[PDB]
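1. Next input, structure requested:
(8 chains, ligands or ions: 3)
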Amino acid sequence: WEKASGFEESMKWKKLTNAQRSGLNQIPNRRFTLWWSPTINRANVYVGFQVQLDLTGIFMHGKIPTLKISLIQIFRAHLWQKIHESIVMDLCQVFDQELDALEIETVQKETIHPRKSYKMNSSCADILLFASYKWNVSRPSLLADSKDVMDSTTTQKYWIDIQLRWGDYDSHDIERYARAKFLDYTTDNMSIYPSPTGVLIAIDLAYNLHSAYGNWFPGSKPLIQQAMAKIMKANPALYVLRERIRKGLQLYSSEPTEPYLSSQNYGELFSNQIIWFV
Amino acid sequence: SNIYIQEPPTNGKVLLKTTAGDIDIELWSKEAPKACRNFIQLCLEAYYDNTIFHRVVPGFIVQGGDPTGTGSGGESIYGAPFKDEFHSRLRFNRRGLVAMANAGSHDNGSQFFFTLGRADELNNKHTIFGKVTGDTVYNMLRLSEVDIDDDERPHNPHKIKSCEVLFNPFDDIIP
Amino acid sequence: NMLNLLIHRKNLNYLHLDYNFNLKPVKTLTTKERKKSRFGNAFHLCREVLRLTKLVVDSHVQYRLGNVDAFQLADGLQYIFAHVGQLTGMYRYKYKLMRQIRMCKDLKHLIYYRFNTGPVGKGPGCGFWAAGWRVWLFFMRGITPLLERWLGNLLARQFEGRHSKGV
Amino acid sequence: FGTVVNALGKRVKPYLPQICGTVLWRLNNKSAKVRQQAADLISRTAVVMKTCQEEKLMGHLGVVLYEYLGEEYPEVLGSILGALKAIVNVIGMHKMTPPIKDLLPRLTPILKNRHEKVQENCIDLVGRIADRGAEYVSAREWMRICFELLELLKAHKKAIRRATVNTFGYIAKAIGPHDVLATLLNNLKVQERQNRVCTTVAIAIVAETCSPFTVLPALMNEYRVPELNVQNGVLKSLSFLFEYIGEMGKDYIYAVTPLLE
Amino acid sequence: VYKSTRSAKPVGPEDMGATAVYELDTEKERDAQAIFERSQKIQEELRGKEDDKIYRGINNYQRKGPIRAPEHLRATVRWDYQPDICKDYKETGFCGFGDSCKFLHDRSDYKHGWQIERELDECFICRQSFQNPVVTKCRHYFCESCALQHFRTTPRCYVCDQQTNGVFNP
Amino acid sequence: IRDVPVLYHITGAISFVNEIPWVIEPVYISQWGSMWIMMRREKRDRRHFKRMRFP
Amino acid sequence: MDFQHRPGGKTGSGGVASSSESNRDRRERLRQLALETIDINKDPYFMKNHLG
RNA sequence: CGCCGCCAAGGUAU
Ligand SMILES: O=P(O)(O)O[C@H]1[C@H](OP(=O)(O)O)[C@H](OP(=O)(O)O)[C@H](OP(=O)(O)O)[C@@H](OP(=O)(O)O)[C@H]1OP(=O)(O)O
Ligand SMILES: [Mg+2]
Ligand SMILES: [Zn+2]
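-> Numbering: from 1, shown residues only, chains lettered A, B, ... in the order given. Ligands and ions are numbered 1, 2, ... in the order given. Take a look:
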């Protein structure tokens, strides 16, 4: 915890006119409110009026000003859309392997539309995959399964869109959040999707983990599972939001060497999913 | 959920086959009786056979229902064109809608158009009488190609090969 | 047509009062337009009671669309008459009705734990709605002259101006 | 480590993700004063990553060192500013993911820190911005920092006091030598040394960087003010003026001869 | 092409959204309230048993916690546009309150949401034909006889009076 | 439906409904008891229930 | 927070300067003090030169 | 024998 200049013997001999001398320090009162964030902001005690800020999706269940100020310092300068553009750049660059599937002609990044990353009532597709003929898609399902019955309509193109959310301790199950959101947008009439087929990917920023819900061609699921585990392992925007939380919260490690985390399978065993050894 | 489809329920459905594919148009027969009546009558007469799509404005409209292919041939089964039938819940806020093409006053016949996007300039000016069931809206999104050669009338316009009637209320006859 | 035309007369043009009766700014208000546009209890409490009757009439017109039956509307407006505060924000500018919310929240158990006697079921279907209905009629029965006088004072303060150093 | 990576160059290519991950994990470390070593290590490894064709990880750590400068330790903050300085040196300034549009306003509260290493690295980065990035502002910031650069003086290292006059000169090259001029002449009634001669040198640098005859009439005018310090300041500024210009004083000898008499 | 199913039923449900389920969180039989209810129930049944070591699961060695969302409800969302920004620290660089001010101390002057909303909605001497267009020392394309008469007029050029020095080339 | 009288303004300012409820009490209690029994038997014969989507 | 019983301040102030401007204003204030005391005492022999 | 369920003015000047 906090160690940097706590006693502060001689700060630097400035003037300290009225309020910075005698007034209370606001940064511990905001980092403590930042520290219990999903259980000061939980969604299901009063489920009525929620007030989401600009460019964010926190929804702020309550009229708390200190939590709103402590959460906007960690969503400071367009980094929601930066996470959007960064992960869609990652999962459009990873599809340069085109012939490992059936065939992939191009991977079109569509028109960069602002307000798309946090629009919760309507949505559009983020990138699109074209083909020559007859991608045999499956029934829409999660990524935690392995069955892949694959009996549906042979289609041409395949859209992929990503989604973002924030914790709140009562709704952290994005295997159901992605499914409910994909059902809502496939029953919506405001959609300008290029197909009703393609997958909706939902990642959970607070309590960071990943899921998706859509139909799958054979060269799609086990590729992008490891490919987005690589996104969760290496990403500029989704890590500078973490170190911005660290600069707004004062968390520090006390070890001399790296805590055994690498590309080994040991490291995603403790991602609150149940994995057994036989 | 919070999607809020924002439309009255439908009654009556027809199938329409073009070279671009199959389109299942479901109508609002209660909210628009005369326009849906003219539409199901002209579908039952097999009147839209060899009818081409003569106007394409990409993102805005794609027009059909012209047996001549010039933009002025429209003949209702009423003898005269009929009235405009508006609805506050039926507006042009999305794609996939079908509306009778109009030129000012109460002049509606066989001449209609599919929507391709947000069409707020057409509100309280045209009679919305039907939509298209999704998983089949891309057969009419294939109708919007940039091959137009002009403001309208591309090289090879798609023609309607058949028009089936899946549900038929208020029983009618072909003459 | 009156709660939006108050805003249209007072030359705001940035509060988007919607049909489900809420209120939202749009423009990240500066000081000369924040202090001009904030309302007291007479505007806001009337807005919440109109939102309550808006949800009631939306329930009735949802019934008469023809896609929902009578028992489901019964459990629905029972939940509406029993769980205000959770979904209307009417306690925010008048706290005295909060006890009445508790007066609803208690009596529902008198209802809800007498459906469950015997082999009936734990799930919803609690459509005995008259008891919360009577007490939120008792609310408006005593609050109608109160915010009637408050909105009359509001119309006096808006249309013939204020009195700075009168009374 | 710097000599090793400079001798390696291209051959250290399957080692930079491991080393940079060790640095990015190392950069918290209890805040028990083991954090300036990682930032100094970044400032050493700034050179060898450009010669190894690696700019994506430069863009990765630029937005890391953009907001690891919110420190309370000055010994860590000086190394953070030195690492960001080395980033701005080895990379072209208009192609960095912490752009100058929002980096210098983050440097301006760091300027009000009275630690000498923080001041040195801060005003060196400010001078690099002032001679190579003067188009990323709203033209009001270079005018509101030159008053703070007066309080940046009386620092006892002689490197800060020789860099800050160059920052004044490039500020006046950016936004014209007519508004910072009144600031440098108002810095001539202090009663303290190392603050009136260090703005005398600034009057010399605003005289010599941009063209002459923009500072000389007001410098002649301030001798009419009946104070000892402003007259000694304008005379010593004429001394450093002719010392810095040399051969360009052939036209101005007849103008300052009635002042020297 | 996308072939149809050839049915008379419309595109979706009959209620047109009157039974929204709101299944964003963990569903009913798998929620932590249901797990606590199962644990409480099985602790109520096994009472005469004293450590039968069939062990029943993790929490059964001997409604709070994650509470169930109301399935019959959307949360009424509002757009909180209004930021809390230290303006005297943003556009100036010195807040008078120091660390005692309740606002953010931000200096990123980027665009807000409403700004994005209202931005997204919108020869030559004789003036004749080129009779042998020929050049001089300094790119000046002239004619032949016209530039000869020009040299008879003045020994320099016409555009910028350049010293031709008797040098005239094609 | 409950058709009802009203008292409204010419310009459409406000439409006062002018009717006092006027229900006799034993038929009132018997109607509420009848719908109580029918609604218990309705909830007993439902597999699961979804309430309104209240906005 | 107690917004009414806190040590307050006005927005857009800028604060107060360092030692240099403070003792500059102190010396100018002592100059005005000396001039007003010799104005009351009426001293005709006190004179300031061209250098302060 | 089982309290308690919170809005706003107070700050980014006129
Ligand atoms: O959580 P409990 O204390 O056990 O009481 C709950 C609760 O009623 P109250 O919180 O007002 O006492 C539910 O209402 P909510 O506040 O959770 O919305 C209500 O459901 P209804 O909204 O339909 O009235 C029903 O819970 P359930 O969903 O199981 O019917 C009820 O009693 P029980 O939980 O014992 O059934
Ligand atoms: Mg005050
Ligand atoms: Zn502040």
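
2. Name the nearest residue to residue E:108, sequence neighbours excluded.
-> residue A:77 (3.9 Å; CB to CB, 6 or more residues apart in numbering or on different chains). C-beta coordinates here come from the backbone N, C-alpha and C atoms, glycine included.

3. give me the number of residues near residue 32?
-> Going with chain A. For residue A:32, the neighbour count with other CB atoms under 10 Å in any protein chain shown is 13.

4. meant chain F, my bad for not saying
-> 11.

5. I'd assumed it was in a helix, is it?
-> Yes: counting by DSSP: H, G, I helix; E, B strand; the rest coil, residue F:32 falls inside a helix.

6. now it: how far from residue F:42?
-> From residue F:32 across to residue F:42, the span is 15 Å (CB to CB, to the nearest Å).

7. wait, isn't residue B:93 in contact with residue B:118?
-> Yes: contact criterion CB atoms under 8 Å: residue B:93 and residue B:118 qualify, at 6.6 Å.

8. Just the CA trace of the strand or helix carrying residue D:237, in PDB.
-> Using DSSP states H and E, residue D:237 sits within helix D:228-245. The C-alpha trace of helix D:228-245 is given here as PDB (Å, rounded to 0.1, in the frame of the first residue of the first chain):
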ATOM      1  CA  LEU D 228      19.500  50.400  -9.500                       C
ATOM      2  CA  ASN D 229      18.800  46.800 -10.400                       C
ATOM      3  CA  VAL D 230      16.900  47.400 -13.700                       C
ATOM      4  CA  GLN D 231      19.700  49.700 -14.900                       C
ATOM      5  CA  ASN D 232      22.400  47.200 -14.000                       C
ATOM      6  CA  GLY D 233      20.300  44.500 -15.600                       C
ATOM      7  CA  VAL D 234      19.900  46.400 -18.900                       C
ATOM      8  CA  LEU D 235      23.700  47.200 -18.900                       C
ATOM      9  CA  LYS D 236      24.600  43.600 -18.300                       C
ATOM     10  CA  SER D 237      22.100  42.500 -20.900                       C
ATOM     11  CA  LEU D 238      23.800  44.800 -23.400                       C
ATOM     12  CA  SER D 239      27.100  43.100 -22.400                       C
ATOM     13  CA  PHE D 240      25.800  39.600 -23.000                       C
ATOM     14  CA  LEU D 241      24.100  41.000 -26.200                       C
ATOM     15  CA  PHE D 242      27.200  42.200 -27.900                       C
ATOM     16  CA  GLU D 243      29.100  39.200 -26.500                       C
ATOM     17  CA  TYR D 244      26.700  36.900 -28.200                       C
ATOM     18  CA  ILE D 245      26.200  38.800 -31.500                       C
END
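
9. Run through who's touching it.
-> D:185, D:188-191, D:196-197, D:199-201, D:203-205, D:207-208, D:212, D:219-220, D:222-223, D:225, D:249, D:256, D:259-260, G:51-52 (CB atoms under 8 Å, 6 or more residues apart in numbering or on different chains).

10. so after it, what's the next helix or strand?
-> helix D:253-260.

11. Which strands or helices does that following helix pack on?
-> Under the contact criterion of 3 or more CB pairs under 8 Å, 6 or more residues apart in numbering or on different chains; DSSP states H and E, helix D:253-260 touches helix D:216-221, helix D:228-245.

12. To residue D:9, which of those helices lies closest?
-> Smallest distance to residue D:9 across the helices and strands packed on helix D:253-260 (CB to CB): 40.3 Å, for helix D:228-245.

13. Next, the angle helix D:253-260 makes with the closest one.
-> Helix D:228-245 runs at 160 degrees relative to helix D:253-260, counting by axes from the mean of the first three to the mean of the last three CA atoms, to 10 degrees.

14. What residues of helix D:228-245 count as buried?
-> D:229-231, D:233-234, D:236-238, D:240-242 (16 or more other CB atoms under 10 Å in any protein chain shown).

15. ok, residues contacting stretch B:137-149?
-> So stretch B:137-149 is in contact with A:194-195, B:18, B:20-23, B:53, B:56, B:58-59, B:62, B:95-96, B:114, B:116, B:132, B:154-156, B:158, E:1-2, going by CB under 8 Å, 6+ apart.

16. ok, the residue of chain G found nearest chain C to residue E:105 distance?
-> Minimum separation of chain G from chain C (CB to the nearest CB) falls at residue G:11, amounting to 10.1 Å. Distance from residue G:11 to residue E:105, counting by CB to CB: 14 Å.

17. Looking at the two, which one has more neighbours?
-> A direct count of neighbours by other CB under 10 Å for residue G:11 and residue E:105 places residue E:105 higher, at 20 against 11.

18. that older thread, from the buried residues of helix D:228-245, pick the one nearest residue A:89.
-> Once CB to CB is applied, the member of those that ends up nearest residue A:89 is residue D:240, at 53.3 Å.

19. which residue packs closest to residue B:3, ignoring adjacent ones?
-> residue A:188 (4.3 Å).

20. burial count for the one you found?
-> 19.

21. Residue 88 is in what secondary structure piece?
-> Using chain A. helix A:79-93.

22. was after chain E, sorry
-> helix E:87-90.

23. Ok, residue C:113 next?
-> helix C:96-115.

24. Just say helix, strand or coil for the residue of chain G found nearest chain B.
-> Among the residues of chain G, residue G:1 lies closest to chain B, at 35.3 Å counting by CB to the nearest CB. Put simply, residue G:1 is coil when judged by three-state DSSP.

25. Could you find the closest non-adjacent residue to it?
-> Nearest residue to residue G:1, sequence neighbours excluded (CB to CB, 6+ apart): residue E:102, at 7.0 Å.

26. And residue D:22, by the same measure?
-> If the residues on either side of it in the chain are set aside, residue D:22 comes closest to residue A:258, at 6.8 Å by CB to CB, 6+ apart.

27. OK, contacts around the one you found?
-> D:21-22, D:25.

28. for residue C:104, what are its contacts?
-> So residue C:104 contacts C:81-84, C:131-132, C:135-136 (CB under 8 Å, 6+ apart).

29. Adding secondary structure and distance to residue E:160 as columns, could you present those in JSON lines?
-> Converted to JSON lines, the contacts of residue C:104 look like this (DSSP: H, G, I helix; E, B strand; the rest coil; distance: CB to CB, whole Å):
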{"residue": "C:81", "secondary structure": "helix", "distance to residue E:160": "93"}
{"residue": "C:82", "secondary structure": "helix", "distance to residue E:160": "93"}
{"residue": "C:83", "secondary structure": "coil", "distance to residue E:160": "88"}
{"residue": "C:84", "secondary structure": "coil", "distance to residue E:160": "87"}
{"residue": "C:131", "secondary structure": "helix", "distance to residue E:160": "100"}
{"residue": "C:132", "secondary structure": "helix", "distance to residue E:160": "95"}
{"residue": "C:135", "secondary structure": "helix", "distance to residue E:160": "97"}
{"residue": "C:136", "secondary structure": "helix", "distance to residue E:160": "92"}
